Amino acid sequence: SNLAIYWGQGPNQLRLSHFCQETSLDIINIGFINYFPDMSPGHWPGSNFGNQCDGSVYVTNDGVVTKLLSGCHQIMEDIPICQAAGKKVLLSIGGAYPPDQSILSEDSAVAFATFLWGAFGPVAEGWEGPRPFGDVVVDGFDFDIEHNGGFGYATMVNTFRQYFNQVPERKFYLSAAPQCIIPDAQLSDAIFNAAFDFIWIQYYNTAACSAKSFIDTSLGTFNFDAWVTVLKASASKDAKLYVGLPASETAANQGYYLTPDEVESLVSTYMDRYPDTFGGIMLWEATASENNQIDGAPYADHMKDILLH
């Protein structure tokens, strides 16, 4: 079972090459493309990577100043190291801030997909768009849509997967990151109507189905079961489900963090019930895990031992 984590939005983060050297980590999601074309200057998507990148943004063939970052030099340098180390690197779409971003048509969702594929996918001839990370090719795209409904996303997923299928030699990945409440307002249409390789339900910040509601069953009702049942119905039936967790008490709202012993008792129960769908743990996020050093190692290292034990 696999350990996925988020990097990109950590206060004072170290550079991604620190995390590339963390052997426990099998997947790293880079957040975020957070400005969508429909409300962003030029219809270009924009990006934000916390402290990373020199602050420069592309301007278009029209002189339009965009929201995309053009000098992300450490990330370009660092994504190949991660991949040279066995790790899959997915570029994440959305995130928490700002909360006023969405997709308005099926056309803009095909264009959004196509722009990301040209931009961060394989190097391609006729592509006359940006290459924010140079000749690096990501392994996939993560959908962390946490605002404004689910319109457009199954289309973006199938459009992506349409593109994947032309590169038969290489294997590319689609994941999503719902919150616990079923149905997820952002991603249930996506999950149902398209094939996600991985899905990591965020089990923090919502009381009625939080991971901590497994340890304290008075807080809400941990619902991984209901989720295996919808997954079975869906176009993502072969998706691997992940229990999404905060890597430190200071990573999500108070009381969502579980101690390793609490995690283990979650994991050994749901790895055994659904050995065929259970996939692993996902952490929010990389920096909080760094700073949560338990006996000379970070939180993620202790998660991986749990999964192997």
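Residue positions are given as counts along the sequence shown, with the first one as 1.
Participant: Determine, for stretches 241-249 and 262-270, which one has the higher mean CA B-factor as deposited.
Facilitator: For C-alpha atoms only, the mean B-factor is higher in 262-270.
Participant: Please work out which of 82-90 and 209-217 has the higher mean CA B-factor as recorded in the PDB entry.
Facilitator: The deposited B-factors put 209-217 ahead on the C-alpha mean.
Participant: Comparing recorded Cα B-factors across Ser70, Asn34, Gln254, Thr277, which one is largest?
Facilitator: If I rank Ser70, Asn34, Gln254, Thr277 by C-alpha B-factor, first place goes to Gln254.
Participant: Going by the deposited entry, which of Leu25, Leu14, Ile294, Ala286 has the highest CA temperature factor?
Facilitator: Top of the list by C-alpha B-factor: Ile294.
Participant: Would you mind checking where the Cα B-factor of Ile145 ranks among the modelled residues of its chain, as the lowest, middle or highest third?
Facilitator: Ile145: CA B-factor falls in the middle third of its chain.
Participant: Which third, lowest, middle or highest, does the CA B-factor of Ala176 fall in along this chain?
Facilitator: Lowest third of the chain for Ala176's C-alpha B-factor.
Participant: Select lowest, middle or highest to describe the third in which the CA B-factor of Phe115 falls within its chain in this entry.
Facilitator: Middle third, going by the recorded CA B-factors of the chain.
Participant: By the recorded C-alpha temperature factor, relative to the other modelled residues in its chain, which third is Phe222 in?
Facilitator: Answer is highest: the recorded C-alpha B-factor places it there.
Participant: Mind checking which third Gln162 falls in for C-alpha B-factor across the chain?
Facilitator: For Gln162, whose C-alpha B-factor we compare with every modelled residue in the chain, the answer is the highest third.
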